[PDB]
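Chains as they are written, first to last, in the entry's author numbering: chain l, 2 to 51; chain R, 64 to 157; chain p, 2 to 92; chain k, 2 to 78; chain g, 2 to 113; chain A, 2 to 247.
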RNA sequence: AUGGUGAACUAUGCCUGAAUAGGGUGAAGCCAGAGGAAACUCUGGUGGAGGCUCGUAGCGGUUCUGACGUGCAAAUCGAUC
RNA sequence: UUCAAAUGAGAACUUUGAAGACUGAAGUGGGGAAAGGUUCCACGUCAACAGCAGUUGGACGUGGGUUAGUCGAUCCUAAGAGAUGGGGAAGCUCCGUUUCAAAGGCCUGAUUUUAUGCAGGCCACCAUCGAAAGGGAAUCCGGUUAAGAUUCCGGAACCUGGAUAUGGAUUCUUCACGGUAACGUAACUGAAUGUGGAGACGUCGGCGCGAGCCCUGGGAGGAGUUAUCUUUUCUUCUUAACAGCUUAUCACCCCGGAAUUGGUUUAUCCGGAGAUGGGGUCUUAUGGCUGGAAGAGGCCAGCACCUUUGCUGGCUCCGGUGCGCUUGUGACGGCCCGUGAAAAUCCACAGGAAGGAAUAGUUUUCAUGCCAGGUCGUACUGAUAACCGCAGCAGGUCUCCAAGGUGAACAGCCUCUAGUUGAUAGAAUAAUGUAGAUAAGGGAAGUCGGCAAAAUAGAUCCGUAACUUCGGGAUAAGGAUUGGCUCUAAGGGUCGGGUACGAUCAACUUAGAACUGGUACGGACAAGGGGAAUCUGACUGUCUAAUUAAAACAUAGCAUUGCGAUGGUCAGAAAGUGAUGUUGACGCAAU
């Protein structure tokens, strides 16, 4: 909120680092069920609620 | 600059050019203040200059807080007439 | 130039509130805004700051007193009654 | 951010052992009304402050510059 | 026709947040935050501001020489020197008449 | 039904007192040796305005007996006191306005205020502005005193109970019409949340016993038994008579 | 019926902050003159009060029974007030 | 909105230029608070999203970006929350916040076996939490990035905690001198203890003084216009924190002693309780000169040239004005049955514990010098697409700065600085619509009803009724003028007179007179319709958010009622329990 507490800022940074798609080499692996990143979050879609 | 140079000679001033009331334009207090600070401060130079004595000063000072004084010239004709009242009455008693 | 006739100080209230109430206040607000002699410094500086408190601007004495006036009615007969009972025992 | 007036007092701070450096600024101004002259300033650097002397008469300003201590390393202009 | 902002994150016009408008050397108007003014110290007796003391904020007196904070009378930085003139009069003439009272209590023994 | 408005003041949430600007609790001095065996003198430093009250306060500054210091206390200022006045307190004090004496020490017909119910409660009776009690008689054995409470009731108290001479300042206060709903708003912001008062007539059968009906009217007697029970009591409570006096 | 959750909306009190062009009317208080025995009254000033008034921002939400009414909007838009 | 160009496979929509417009500084600008959380920035890419398109994107994939002793938090307390000791409760837990408490660690003397025993004295406030808008130790200018700066760079300061060294000062009168005094100063001893000031405070009204802005004349430069006129129109001439020196209202001291009462403010308050007068002290918001600091910044010209680019000179000056606007401040005044926070923190004074001059002893409240200054926040929007409303929603949302003209005006209209030009478009001009206008004659004959529209409107002069609680009603009702040009008149200042006049400078105000024209003139804008009665509530105020704003609720005023504390009214499951109550009948409670 432009001037922050560290426990909030530490939770913004965890959500910044989950913000990327799958790495491609994961699909290539034997018995892979996973297709795409289903938990992708977006600041225009779902607000993370702190 | 030409519109304001026209006003300085009085143009565009007439009644159709006036919208706010005569107070809104120039409040009447500011005019009294100017009248009196000018009168009240002209007496203080005469008292200091000895051409009026603090007995007549103290009289005129309180007339100016009422009026009996139209402007700086009426007061100067007033002193000269009032001061001349001190000469005659003294001279007649002498 | 007396301006108003009856209402005086209560002209501030305008036409509202009814004539008696406006006239009954004019009784007191001429007392609380009035200027009184000072029983100490010998001048009249005394004015009211608040209900109960009366402040000299000369000798800086503050003086307790009546709400709307310096000396309450029933007070000036207490300090005589107290002056009398004091002499009773000492005389 | 201070100023010195007497020449002598200025000669002290130059030796005061906190002063590593100084400088000489030359400013061309004019005095009274008509005619110019050459004005110089000497700025000695303390630890906590900066002292300056103003010489408006150039007959003095030259005798002063030579008088600076040799250890003090001066940056002219 | 220039306009200027606060230099701090307080958007609001409160008592500490005052602004003064300054022309910098670089030609621009810029706002300058100003600290609240200092009140003169008061006589603990008559209340009138007691002259000779420098008017600062409270913790800015810790940085100042003692001549700013004092005068050289008794009760120097405290009472207004006409409140010291009285309490000398009152200390002398109360303990003056108070001696005259203690001789009368020796006389009232021998008089009765 | 609902819980009515006077039942709602007991839990004391928004109904508490507005205490911020009040100078303190105005009391008399603790009863000690120096005061009950003799007198002790203070001086009144400044007589000042207290918020929420109607009468001014005085601050008199005593000297602590057993330790070096000053102690200053809050007296409701009697009328006629002035800053710079010596205020004497104790059994052997003198009868003058502002001096606090025991009641046994003053003749009958003496006008005192801020008198105590029991000795050492630091004041109870006649603390409002303009009030006083009169001393109408004594009972020197099994010591008591007969005084007239400001309402006109006659109470009998101990003779060691102190009281301060004179009338309380701030007399004449209610003589002045209040004149508008604003001035009554500025009165009760410094006191408590009592105001304004909705007539129980004008509300619903839930809000009050007087509520309901296709006309505004009470419907049953407006005098209620003293032996009524919580929330039944609204209106004139256990009145012996009613109606305009003659 | 039992056991739990909510005053970010809204209701009301407190604490501590902030916000409000320009005009009209011209109360006490005060100053000079005029009258008269008086108590006082009459004229010219001065001052700048009020839960005064016209009216912007602000807060509302009277009329059109306007627009809209599968709307921009699950309460909004315009004029008026 | 339009033309062209560039990109591209593809352009009403991307980018640059050229035009045309708009928001108009109460902005469609320049910044923050809550909230979001990476939306900021760069490069690539165009499946989906952007209710048309898309080469653009707040999208997509990959990266980079937030720097502090001084700015905030952190600390203090407010309104309140909440342990402990205790007290209830089968119990979850409740009361209460210094309370029925053995509630604690200090200042150094005594020690020169060794450090701290034993020593006298003290001080009784006895958790903690609670504000990024209140209180508060200290930082400014210039430059810098694709994106960060009161943080980075360069320079100039300052505060705090700690260590000690040097110079001065003081000391033989051991702990300074001067002035009648206000008080002065580079310094110039001070424990327990106590007291005083600061922190520290409402609002309105005019008055004064400042700062930035506005206007503006001489001069030095750059740009735009020139068919003709125009000593012309626009633009740059700037000065930070900090430091030293001098300055003023109010306050004060000395001298003298007032009737022939004087001084005096816009506002009538002041004087034998000592006024005017003559001479001094003081604070230093504020202003003034000097240092910062011209070496910076700006504006011009002159030379070199893929680069990198510099280099090189010059000028950066002297003034005027105000009922101007914005904010700060000071002295006064008004208002109240309203008198408008607390604390940490810092200082002074009273006192005199002690400790120390002479062969020499101190003082870090005088100077200078020396060392350290941690932790988390810092990007960007703050909204007609970054917040909330299912969304890229015409809604909702606290705050600062604020240019010229017109005008009473922060209204309306128009412009300069900055910012956009986004909302699907093209061609046609049927009906019915929606929003905006106009009508011959008549003038509510329409309708439940003048609903809706029109009429009125600004200012100046003339004039105003019944009634009235004498305050009002009153802009009552009603009438007359208003443009342009050219003149006349009145209103102020600074200034020299041996112990009447002259000159110069500078204002927006009012009144009057001639002339003038398609009788037009508050020329657009902006801007009351008025009168004779009745019912009803006195008034201001409040309420069904989203069908009711009322004659309903409220109010002042009036009256009644309980209550003297071992109490009135109420709460709790209980209580060593609680609200009124920091109360006391001129009060509290119930009507």
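Even for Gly, the Cβ is constructed at its ideal location relative to N, Cα and C.
Chain A contact for residue i (CB, 8 Å cutoff)
i: residue 43 of chain p; result: no
i: residue 36 of chain p; result: no
i: residue 9 of chain p; result: no
i: residue 73 of chain p; result: yes
i: residue 49 of chain p; result: no
i: residue 79 of chain p; result: yes
i: residue 13 of chain p; result: no
i: residue 54 of chain p; result: yes
i: residue 92 of chain p; result: no
i: residue 6 of chain p; result: no
i: residue 46 of chain p; result: no
Pick from the options that is closest to residue i, judged by C-alpha positions
i: residue 49 of chain p; options: A:57, A:62, A:99; result: A:57
i: residue 57 of chain g; options: g:91, g:82, g:38, g:27; result: g:38
i: residue 8 of chain g; options: g:33, g:15, g:83, g:29; result: g:33
i: residue 165 of chain A; options: A:106, A:225, A:145; result: A:106
i: residue 22 of chain p; options: A:83, A:121, A:180; result: A:180
i: residue 5 of chain A; options: A:218, A:45, A:212; result: A:212
i: residue 119 of chain A; options: A:103, A:133, A:132; result: A:103
Contact with chain p by residue i, beta-carbon distance below 8 Å
i: residue 130 of chain A; result: yes
i: residue 139 of chain A; result: no
i: residue 111 of chain A; result: yes
i: residue 79 of chain A; result: yes
i: residue 126 of chain A; result: no
i: residue 19 of chain A; result: no
i: residue 98 of chain A; result: yes
i: residue 1 of chain A; result: No statement about residue 1 of chain A is possible, as the shown extent of chain A runs from 2 to 247 and does not include it.
In DSSP terms, what residue i is bridged to
i: residue 121 of chain R; result: Note: residue 121 of chain R sits in no beta bridge, so no partner.
i: residue 114 of chain A; result: A:165
i: residue 147 of chain A; result: A:138, A:157
i: residue 103 of chain A; result: A:163
i: residue 37 of chain k; result: k:31
* Given 8 Å, three or more beta-carbon pairs between the stretch 29-41 of chain A and the stretch 88-98 of chain A -> yes
* Would the stretch 166-181 of chain A and the stretch 114-131 of chain A be scored as touching if the rule is three or more Cβ pairs under 8 Å? -> yes
* In the stretch 47-62 of chain A, which residues sit with their C-beta less than 8 Å from some C-beta in chain p, listed in chain order? -> 47, 48, 49, 50, 55, 56, 57, 59
* Is it a yes or a no for the stretch 125-135 of chain A touching the stretch 35-46 of chain p, going by three-plus beta-carbon pairs under 8 Å? -> no
* the stretch 167-181 of chain A: positions lying closer than 8 Å to chain p by Cβ -> 167, 168, 170, 171, 172, 173, 174, 176, 177, 178, 180, 181
* **Cβ contact (3+ pairs, closer than 8 Å) linking the stretch 18-35 of chain p and the stretch 172-186 of chain A** => yes
* To do: Can you give me, in chain order, the residues of the stretch 69-94 of chain A that have a beta carbon less than 8 Å from any beta carbon in chain p?
  => 78, 79, 80, 81, 82, 83, 84, 85
* Asked: At a cut of 8 Å, does the stretch 116-125 of chain R reach the stretch 141-157 of chain R through at least three beta carbon pairs?
  -> yes
* To do: Using a Cβ-Cβ cut-off of less than 7 Å, list which residues of the stretch 24-35 of chain p approach chain A; keep chain order.
  => 25, 26, 29
* Interface positions of the stretch 180-214 of chain A facing chain p (Cβ-Cβ less than 9 Å), listed along the chain -> 180, 181
* Asked: Touch check for the stretch 147-162 of chain A and the stretch 199-207 of chain A: three-plus C-beta pairs under 8 Å?
  -> no
* Asked: Would the stretch 36-56 of chain k and the stretch 73-91 of chain p be scored as touching if the rule is three or more Cβ pairs under 8 Å?
  -> no
* **Stretch-stretch touch, CB-based, cutoff 8 Å, three pairs: the stretch 108-115 of chain R with the stretch 81-97 of chain R** => no
* **At least three beta-carbon pairs within less than 8 Å, the stretch 73-86 of chain g to the stretch 41-52 of chain g** => yes
* Asked: Okay, do the stretch 51-59 of chain p and the stretch 39-56 of chain A touch, 3+ Cβ pairs below 8 Å being the bar?
  -> yes
* Would you be able to state if there are at least three C-beta pairs under 8 Å between the stretch 67-82 of chain p and the stretch 6-15 of chain k? => no
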